[PDB]
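Residue numbers (PDB author numbering), protein chains in the order written: chain A, 1 to 446; chain E, 1 to 49; chain K, 15 to 36; chain B, 21 to 439; chain I, 46 to 78.
All C-beta atoms in this analysis are idealised placements derived from N, C-alpha and C, irrespective of residue type, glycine included.
In what follows, a structure is listed as structure tokens, so that the remarks can point back to it.
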Amino acid sequence: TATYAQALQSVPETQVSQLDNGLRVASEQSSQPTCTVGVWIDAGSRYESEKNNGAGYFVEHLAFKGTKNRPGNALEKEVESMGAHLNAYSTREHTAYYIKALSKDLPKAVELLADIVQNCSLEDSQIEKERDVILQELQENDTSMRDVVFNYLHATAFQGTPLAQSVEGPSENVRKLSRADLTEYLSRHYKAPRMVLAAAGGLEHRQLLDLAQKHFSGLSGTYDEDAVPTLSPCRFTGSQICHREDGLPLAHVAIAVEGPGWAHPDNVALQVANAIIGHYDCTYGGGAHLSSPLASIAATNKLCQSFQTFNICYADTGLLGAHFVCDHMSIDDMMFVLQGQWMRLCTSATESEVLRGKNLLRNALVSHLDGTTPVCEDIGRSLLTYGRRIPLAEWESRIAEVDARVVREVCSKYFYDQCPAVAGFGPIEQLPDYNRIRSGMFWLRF
Amino acid sequence: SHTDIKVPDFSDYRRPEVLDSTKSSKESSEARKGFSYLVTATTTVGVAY
Amino acid sequence: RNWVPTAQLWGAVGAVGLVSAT
Amino acid sequence: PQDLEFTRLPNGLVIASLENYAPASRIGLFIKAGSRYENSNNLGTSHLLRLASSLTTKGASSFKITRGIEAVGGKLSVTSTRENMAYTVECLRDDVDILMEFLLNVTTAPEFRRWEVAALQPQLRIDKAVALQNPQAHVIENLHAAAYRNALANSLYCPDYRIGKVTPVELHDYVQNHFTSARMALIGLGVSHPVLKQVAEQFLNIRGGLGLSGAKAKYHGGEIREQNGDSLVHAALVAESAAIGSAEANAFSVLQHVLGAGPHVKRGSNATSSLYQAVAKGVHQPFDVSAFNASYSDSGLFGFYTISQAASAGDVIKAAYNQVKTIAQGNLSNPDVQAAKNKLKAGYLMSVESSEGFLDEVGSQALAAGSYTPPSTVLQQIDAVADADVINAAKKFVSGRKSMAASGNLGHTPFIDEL
Amino acid sequence: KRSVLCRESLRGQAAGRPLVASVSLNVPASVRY
């Protein structure tokens, strides 16, 4: 026998350690066969200027095509013949390259990764081959209404800030982008302390730490003159950006109010509140018997195709709300039932309700951590986000502190009378007027 | 293509309190709701008379 | 829940309203 | 710390259990009914049953079942393939018992009510509609239908003309004949086996022999061709694979991998992929291609899958065939089979490095062999393949009755006689 | 529908035990290989 709690306390702690330059070394051990070593660099899309808006994102395409030590196909053929998989993902705040492999392959793994971060053989040919490809990718991104709409939400959420640009990077910059510029970018932002080299599975921390090629380090200040935040707040703006295209079949709306950064008591409590609203699809087996009254109502009344609440965590700001897809004739009822669930949450939360949304959160947050790659991520990212902590076991404690009053007062700070940030892509003709959305944030009636 | 989009300059229309490209508006706007609701409040109270 | 508090302010309002108004 | 524990009962149902360290436990009853279990008259029942898992059953109403699991933050997947039907159940360690009572009513006392089961019918169109947005799904389906004549050919998705027709008796029957003792395998990834077996023994004892459905295997080469207006065309070309869990089989998987092009690298292209190199040289700029490998209990299918443009269709299709023809003409040096193998072995472990993978892997063996082979032994078997062996199996594709399936503008897609 | 114009294509089906596995869950739903 063994019980949830117990389990929790019995999970393998994460070892954070540090190289002379500030290379961060984490790892969770399990002594099992495949490993997923990763380097989680944290200079993303929000450091890019207007020009280099998609500079990082470009580096990514180059990341795996050569290293002075491995021109051409070397990288890949090396990864392949081992049977390892190599992925690059880039956000607006975090770039990240990682390797999945057999646990005995660390030797060559970690050497490869480290090689990748630093030496990237980039010729005029590869730059001009990657331009054409990203211009094509942009063209394909436009085909995506989810993507197109969430970009919009950031743009308008954060008008006139560096964080509202498209990771992908503004079309034409790609054309223009000077070859020198990639350098400056990397040089300036790939310098840990920023980066963390994390990993999970069968490895011994000890070795990891040791195995980190100590080759180049942060070329930065020792005093406060660095102190000028590179992470300067981004100004919060409650606008809408409506982009009508009656030629498209369905409607995409992203509504969110601004939230807190990565680190905050209120930020787990929010999750438990989104637990309650939920997330629903054309294919959910429970339709009408779902417990989230939003779900139930679109299930029952064919009100929507798919909706999903989200909490987009950033340093200086956030994005928090729902997103729904639906017919052109359904936009307003969807908007009604949604905001209505928000409001009823900050004024009428019941202990039963919060209690269920609590538990859900536990599970979402345990189940994601199944597997080596997920666990890597948690570790890597978790150290630029929340710093070095591994709050995993605390969670259940923190999660457990939620009496429904907690969930309700937390909820009202962000939602109640806050100006929502709205974005949709036609047919939006029925999408509420900004003033209607707004008064949808208080409760006189409706 | 959809990325060459830029939200217009709103500086002219916005105000004092929330005009800071690089700073929080959350510790600004608290009042900015209160002034506007203050006008309502008054309006209502006068009209009541 | 929040109804008592809110019903209490709503009861206040009606009261003072009559009192004064009337 | 404790390894799994299989147990075959008097009934013939297998059960396993690993008390893991972590906070997540998932049960998952695998019943042996696939899609291959229906007939001309039954087609589409598997599918509706799969979508039918939260309807009223003897001890639990559809409301209680749904709300129940929600109360606790639990999942209930119902998954199925052409051979089997995995009903999965995930939840927290403390709630297994509330959940397992759910899994038992859903599987053992389903009550298909005329009104509840009609209400669902529509759902089949919606489901099918979404699944048929990936050309892979219609082609891959149409491949099975063409290469098989009777059993494995019947797809996973209800036929358009049978949707509203799938009556309650049908689902009853299908449960009673196929969801039985001999065909099941309980699996836990964080349960007590002593307590699991008690429960097993109390709730899973029902009789039913195989193929009250019409079990049997057969391979017939055919082509099924779907014209579209889409710029891209997908085709598959496949011959009878080796059977499940046998040497030949295993030899195929190895060879599959020598050509097999499932990018290991993001934004990366394969240097290792022979098909890709070969195809790529006689091919245009834009194009993608991969070896296809499918093994089931009584048959298999092995060959490749192309995605070309209108006019390149043929060039890419024959390019890939020609290169697989090279391996059957003998041409294949040792360096490439070891790589392949390591590729495979790395793959299988990663496949199992996850609870949900592990549980599948275990439940699957349960239904094929009768126990759980450990990873190590598995790794040994793949290794035993002979460099030649691969060649030999390859010789078989080339000299094995073809069966192909495409989708798109097909003015440039070889027919059987074309290749 | 998502545009399939570039090199990016990498979809083709072949896993170990499972092949063309379609899942319908009470919450999520999908189509794998």
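So what's residue i in DSSP terms, helix, strand or just coil?
i                      : result
B/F312                 : strand
B/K95                  : strand
B/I51                  : strand
A/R244                 : coil
B/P188                 : helix
residue 453 of chain A : Because chain A here runs from 1 to 446, residue 453 of chain A falls outside it and cannot be looked at.
A/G424                 : strand
A/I390                 : coil
B/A389                 : coil
B/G428                 : strand
A/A251                 : strand
A/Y414                 : helix
A/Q207                 : helix
B/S60                  : coil
B/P283                 : coil
A/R24                  : strand
A/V174                 : helix
B/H67                  : helix
A/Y280                 : strand
A/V167                 : coil
A/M329                 : coil
A/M195                 : coil
A/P374                 : helix
Let me check understanding here. Comparing Cα to Cα, which of the options lies closest to residue i?
i      : options                           : result
B/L75  : I/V76, I/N71 and I/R56            : I/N71
I/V49  : B/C178, B/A425, B/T101 and B/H254 : B/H254
A/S90  : A/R70, A/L153 and A/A63           : A/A63
B/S375 : B/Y181, B/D23 and B/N40           : B/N40
A/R436 : A/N301, A/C419 and A/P427         : A/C419
A/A5   : A/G287, A/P374 and A/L392         : A/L392
E/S29  : E/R15, E/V39 and E/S11            : E/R15
A/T283 : B/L206, B/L71, B/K361 and B/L123  : B/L71
B/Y392 : B/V372, B/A404 and B/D409         : B/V372
B/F417 : B/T397, B/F324, B/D380 and B/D437 : B/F324
A/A192 : A/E137, A/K68, A/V39 and A/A251   : A/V39
B/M105 : B/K363, B/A426, B/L68 and B/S81   : B/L68
Could you name the residues that DSSP lists as bridge partners for residue i?
i      : result
B/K236 : DSSP output for B/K236 lists no bridge partner at all.
I/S67  : B/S100 and I/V76
B/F324 : B/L257 and B/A311
B/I35  : B/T27 and B/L206
A/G201 : A/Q29
B/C111 : B/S45
B/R245 : B/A426
B/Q329 : B/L252
A/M343 : According to DSSP, A/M343 bridges with nothing at all.
A/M335 : According to DSSP, which records beta bridges pairwise, A/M335 is partnered with nothing at all.
B/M105 : B/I51
Under 8 Å by Cβ, that's how I've got residue i and residue j pegged, so tell me the actual separation to the nearest angstrom.
i      : j      : result
B/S332 : B/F307 : 7 Å
I/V68  : I/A74  : 7 Å
A/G44  : A/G56  : 6 Å
A/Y386 : A/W262 : 6 Å
B/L206 : B/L33  : 7 Å
A/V59  : A/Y185 : 7 Å
A/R92  : A/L163 : 6 Å
B/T433 : B/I327 : Actually they do not touch by this definition, with Cβ atoms about 12 Å apart.
B/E58  : B/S45  : Wrong, their Cβ atoms sit about 33 Å apart, outside the cutoff.
A/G357 : A/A273 : 7 Å
E/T3   : A/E168 : 6 Å
Could you check if residue i belongs to the surroundings of the ligand HEM, using beta carbon to heavy atom distance under 7 Å?
i      : result
A/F425 : In the structure shown, the ligand HEM is absent, as is every other ligand, since no ligand is present at all.
Determine, for residue i, whether the minimum Cβ-Cβ distance to residues of chain C falls below 8 Å.
i      : result
B/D403 : The chain labelled as chain C is not found among the protein chains of the depicted structure, namely A, E, K, B and I.
*Taking only runs that begin and end inside the segment 35-120 of chain A, name each unbroken beta strand (DSSP E) of 3 or more residues, in chain order.*
85-90 and 95-102
*Residue ranges of each alpha helix (DSSP H) run of no fewer than 4 residues wholly in the segment 287-327 of chain A, ordered along the chain?*
293-300
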